[PDB]
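A.B. asks:
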Amino acid sequence: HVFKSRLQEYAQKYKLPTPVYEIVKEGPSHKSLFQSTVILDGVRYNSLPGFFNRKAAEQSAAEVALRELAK
RNA sequence: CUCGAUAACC
RNA sequence: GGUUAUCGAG
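In our numbering, the protein residues as written are -4 to 66.
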């Protein structure tokens, strides 16, 4: 519920462009499923897939992003 | 608010 | 033509 921003903030602290998000929507329009990939510093990071709304997609990808940034 | 579905029933 | 309910989206 808070990664999307931690990263946005990383973008500031390092001048970098604001995170581009990418939604893979797929399934019955009601049982829609989402996967996401952030592309910060033109670098792709994949969310764990099958989220039920867009945001939980983005968050998974942000939460992932930051996982590799601590490194 | 609008648009995209699905189940159900008359 | 409806209706009740249920979900996602800008």
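Virtual Cβ for every residue (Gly too), placed ideally from N, Cα, C.
Cβ of residue 35 within 8 Å of Cβ of residue 61?
C.D. replies: The answer is no: Cβ separation not under 8 Å.
A.B. asks: So, is residue 31 buried or exposed, given that buried needs 16 or more other C-beta atoms within 10 angstroms?
C.D. replies: Per the 10 Å Cβ criterion, buried.
A.B. asks: Quick check on residue -3: does DSSP put it in helix, strand or coil?
C.D. replies: Correct three-state label for residue -3: coil.
A.B. asks: Comparing the CB of residue 62 with every heavy atom of the ligand MG, is any distance shorter than 7 Å?
C.D. replies: As far as ligands go, the structure on display features none, and thus does not contain the ligand MG.
A.B. asks: Out of curiosity, what's the CA-to-CA distance linking residue 7 and residue 58?
C.D. replies: For residue 7 and residue 58, the distance between alpha carbons rounds to 17 Å.
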